[PDB]
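S.K.: The data below comprise the sequence and an experimental structure of the protein.
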Amino acid sequence: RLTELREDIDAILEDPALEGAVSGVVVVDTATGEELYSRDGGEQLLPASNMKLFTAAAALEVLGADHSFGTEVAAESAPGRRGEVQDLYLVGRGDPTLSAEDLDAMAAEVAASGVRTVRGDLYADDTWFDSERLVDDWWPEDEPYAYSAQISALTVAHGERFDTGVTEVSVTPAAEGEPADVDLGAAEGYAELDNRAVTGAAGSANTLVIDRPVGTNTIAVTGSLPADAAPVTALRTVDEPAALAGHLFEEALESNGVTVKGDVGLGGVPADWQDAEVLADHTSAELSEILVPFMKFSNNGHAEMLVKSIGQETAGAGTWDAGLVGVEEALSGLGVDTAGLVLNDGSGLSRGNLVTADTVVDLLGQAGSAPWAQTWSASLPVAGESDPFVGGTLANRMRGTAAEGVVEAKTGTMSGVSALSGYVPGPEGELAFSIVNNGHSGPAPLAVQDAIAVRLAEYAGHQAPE
Ligand SMILES: *[C@](O)([C@@H](C)NC(=O)CCCC[C@@H](N)C(=O)O)C(F)(F)F
Ligand SMILES: [Mg+2]
Ligand SMILES: [Mg+2]
């Protein structure tokens, strides 16, 4: 039955959608170590978001499953009878899940501690990581979009998915001829607005564009929204995520009865502060719980923050240079051969990343027999699962196939780069696989990837749910 499988994958790989593409495909039985299929497995390819597999495993080795993240509010000394402080500091230490609600709860704690007036300025301290916001080879044209958000120690995460360093723009039509209404979300009064957008006639064509022009903190809205059209919402990144957090914190303080008399800006807690008074703190959920929104939806910002958190633990440097070496060592310490790996970031957004399909499968084996294996696999998207927090990037794929509910795999997609890697659990044995496509021209060869993943589920002894 093993020859039948080899013939089937050979035929799937001759799909015309893979014209001019190099594709690494490796399948291994983890119970035996048997190499069921291998094609260009040593070839170096861009992984896209399959890079997160390496990042996640390294984070669980370096930081541990029980690891959580802190944010604190600091003043030089406690407030007195008059309840006055001078300068106040919001200090972030790499929480990727810090919501506006959490800023509110910290504002309430600052009020309940006796502070009524912040007489000086309020500062956002994100010096726990460096101020290098973006990886060198990331494309400037990508910068307005959530997956390309700037990386900071102090950032506000949006929604239940915890998209960091962004704001929600909402555009609403008005009457035909009148300007569209633009709602900047959290970045209201932080980011500049350039609204050139108009409301078009009922039934006219939607031509609405929402942009942040490179190197500015301005949201430029252009084009035309039809009068009868549904409101358009989009996540856009801001410049200096910590400063936005600072902005949102002032609003939180002012709403909890604390007057801020000064300005909002960046600044680290001064060195000459003898014994800083912690007026409020927040602790995140543990890394095992954080891994879910991170891996399920493939959060880029989370990955880069984790890398720099690795840099802090291994070296006390919230730095790409440190964290990426930290990732490499952690993988080596796990039993993974890192020869074919080139690490340029944690998210896989960098086109300077390189993996081989063998290395991915190697990692999947070593991860499978690790103490944190269950929190590891619980994070991976599950083929065909309706629940977005279970299905993830695989939620609307492989439904009604042998793979549905069974295959746990990480996706990866950019221009000319597509990947699918994970496990096929079968009664006799757990299968591990990697599929990495580079150079194809159409859209991601998802049909090809799904066909292989389904055939392997069938091989492992599964049938399609009906
Ligand atoms: C993952 O594959 C990540 C790395 N990909 C993206 O976030 C999309 C990046 C777009 C880059 C753009 N310049 C291009 O199309 O090449 C995953 F799963 F998150 F998508
Ligand atoms: Mg939303
Ligand atoms: Mg505001």
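M.R.: On my side now, so go ahead. Numbering: from 1, shown residues only. Ligands and ions are numbered 1, 2, ... in the order given.
S.K.: What sits closest to the closest residue to ligand 1 within the chain if chain neighbours are left out?
M.R.: Per Cβ to the nearest ligand atom, residue 49 is where the chain lies closest to ligand 1, at 2.6 Å. (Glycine included, C-beta is placed from N, CA and C.) Distances taken as Cβ to Cβ, 6 or more residues apart in numbering put residue 412 closest to residue 49, at 3.9 Å, once the chain neighbours are dropped.
S.K.: for residue 139, same thing?
M.R.: Counting by Cβ to Cβ, 6+ apart, residue 139 lies nearest to residue 148, which is 7.9 Å off, once chain neighbours are set aside.
S.K.: my guess is the one you found contacts residue 299, does it?
M.R.: No - if you go by Cβ atoms under 8 Å, residue 148 and residue 299 don't touch, sitting 12.0 Å apart.
S.K.: what ranges do the helices span in the stretch 1-150 of the chain?
M.R.: Applying DSSP state H, counting those that start in this stretch to the stretch 1-150 of the chain gives helices spanning 2-12, 51-62, 100-112.
S.K.: before we move on, back to that, wait, isn't the residue of the chain closest to ligand 1 in contact with residue 411?
M.R.: Yes - Residue 49 lies in contact with residue 411 (Cβ under 8 Å); the separation is 6.2 Å.
S.K.: shared neighbours of the two, which are they?
M.R.: By Cβ atoms under 8 Å, 6 or more residues apart in numbering, residue 49 and residue 411 have these common neighbours: 298, 419.
S.K.: near ligand 3, which residues of this structure show up?
M.R.: 188-189 (Cβ under 5 Å from the ion).
S.K.: how does the chain divide into domains?
M.R.: By the assignment in curated CATH domains, the chain contains the domains 1-68+285-466, 69-129+241-284, 130-240.
S.K.: Just say which of these is most tucked in.
M.R.: Mean neighbours per residue, mean count of other Cβ atoms under 10 Å, is largest over those for domain 1-68+285-466, with a mean of 20.
S.K.: So which bits of the stretch 151-300 of the chain are right by ligand 1?
M.R.: Within reach of ligand 1 by Cβ under 6 Å from any ligand atom, the stretch 151-300 of the chain has these residues: 298, 300.
S.K.: show me what contacts the nearest residue to residue 69 once chain neighbours are set aside?
M.R.: Distance criterion Cβ to Cβ, 6+ apart; nearest residue to residue 69, sequence neighbours excluded, is residue 95 at 3.9 Å. By Cβ under 8 Å, 6+ apart, the contact list for residue 95 reads 69-71, 157, 282, 284.
S.K.: sorry, back to before: distance to residue 331 for the helices of the stretch 1-150 of the chain - can I get that in JSON lines?
M.R.: Shown next, in JSON lines, are the helices of the stretch 1-150 of the chain (distance: least, Cβ to Cβ, whole Å):
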{"stretch": "helix 2-12", "distance to residue 331": "27"}
{"stretch": "helix 51-62", "distance to residue 331": "6"}
{"stretch": "helix 100-112", "distance to residue 331": "32"}
